[PDB]
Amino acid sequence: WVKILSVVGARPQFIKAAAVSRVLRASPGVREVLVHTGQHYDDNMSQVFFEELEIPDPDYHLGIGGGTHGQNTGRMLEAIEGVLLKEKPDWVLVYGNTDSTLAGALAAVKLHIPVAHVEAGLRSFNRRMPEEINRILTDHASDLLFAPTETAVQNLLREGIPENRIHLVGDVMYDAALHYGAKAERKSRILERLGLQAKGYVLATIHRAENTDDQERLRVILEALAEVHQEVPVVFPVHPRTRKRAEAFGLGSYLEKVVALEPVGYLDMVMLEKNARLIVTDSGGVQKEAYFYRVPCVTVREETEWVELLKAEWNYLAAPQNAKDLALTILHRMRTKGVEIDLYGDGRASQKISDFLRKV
């Protein structure tokens, strides 16, 4: 009998936890307790994931969100701690690299509760980025480090974390893609609703702060996607923050010139990804999922944490400096492909993690 408490706050964490939760569910002598921080609150950012991915209702919802880093992190720290004091779990699992991840880890370590980091050791090497600080500080606070890639393992060794706390387990988001693929196939009618032809569009997601808080980068991206749309329709589920920023800077009309949507559930997303001729993104999860489906990817950033996608020629960096340059880069890359190579494991990252926990 072991109690594993999972802290999730954001869409990509709901998706990670859906894989790990499934395995821990049907594991003998494990009870999972699941805490939703409230970081993501809109139904299209949160509830649709619990429904479509069949995720047990959370035991706690702390309803903390939409504030500053200080506010969100600070309140999450106090609220999560209160839950840990009640539930006394054997393990705390945190996912990814948001404020929720860091608050979960830090709440737990101060109470002498072991913390395991799902998706450990990724580095952008740009420490001005909030997400890099979150990765570094979470990794250094954790007891177990579940690395998805060899690079991630090397990044942890280089920062003095001992071998014996690092397990290369592959990527749980690959597990999720595998497990939910069929259900996406039989439930998603988004190509229908959108009048899209399989391989008759490009898929785009953009929400990095460094791309949406900076008017000139955001303008380069929306200008570039509208141009690309002239040639091949662009489907663009727009993150709420991205949509806020584009409206605020007067760039809303570019969204009207493509097939812009509110955020979609995972099942639609899978169908849009699979059927896309090419994916343009600044999302970590979406650039891996592109590779899952052997759809060429352009990452609108100066670096990625997922370097093996660049090496395997499946993914290509295009920093948003020039709208025409970026447009042409997207259009050129859609008739490219990468090498045959299996990354991210066998799709049983979640049971490797289950096993390592119930042992250690």
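One rule holds for the numbers: they count along the sequence shown, beginning at 1. Throughout, rigid core stands for the largest set of C-alpha atoms superposing within 1.5 Å between the two forms.
### Message
Please tell me which region, 250-258 or 148-156, has C-alphas lying farther from the displayed form on average in 5 other deposited structures of this protein, with superposition done on the core.
### Response
When 250-258 and 148-156 are compared in 5 other deposited structures of this protein, the bigger C-alpha shift is seen for 250-258.
### Task
Using RMS Cα distance over all structures and residues, flag whichever of 112-120 and 273-281 lies farther from this form in 5 other deposited structures of this protein after a core fit.
Result of the core-fitted comparison in 5 other deposited structures of this protein: 273-281 deviates more.
### Query
Taking only the CA atoms, which stretch has the higher mean B-factor in the record, 301-309 or 27-35?
That would be 27-35.
### Query
Do the CA atoms of 236-244 or those of 157-165 have the higher mean B-factor in the entry?
Averaging CA B-factors over each stretch, the winner is 157-165.
### Task
Would you check the entry's CA temperature factor for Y180 and let me know if it's in the chain's lowest, middle or highest third?
Highest third, going by the recorded CA B-factors of the chain.
### Task
For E210, return the chain-relative third of its C-alpha B-factor as stated in the PDB record: lowest, middle or highest.
It belongs to the lowest third of the chain when residues are ordered by C-alpha B-factor.
### Query
In terms of the chain's CA B-factor thirds, is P148 lowest, middle or highest?
As the PDB entry reports it, the C-alpha B-factor of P148 lands in the middle third of its chain.
### Query
Going by what the PDB entry lists, where does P114 fall on CA B-factor within its chain: lowest, middle or highest third?
According to the entry, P114 has a C-alpha B-factor in the chain's middle third.
### Chain-relative CA temperature factor third for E78
For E78, whose C-alpha B-factor we compare with every modelled residue in the chain, the answer is the middle third.
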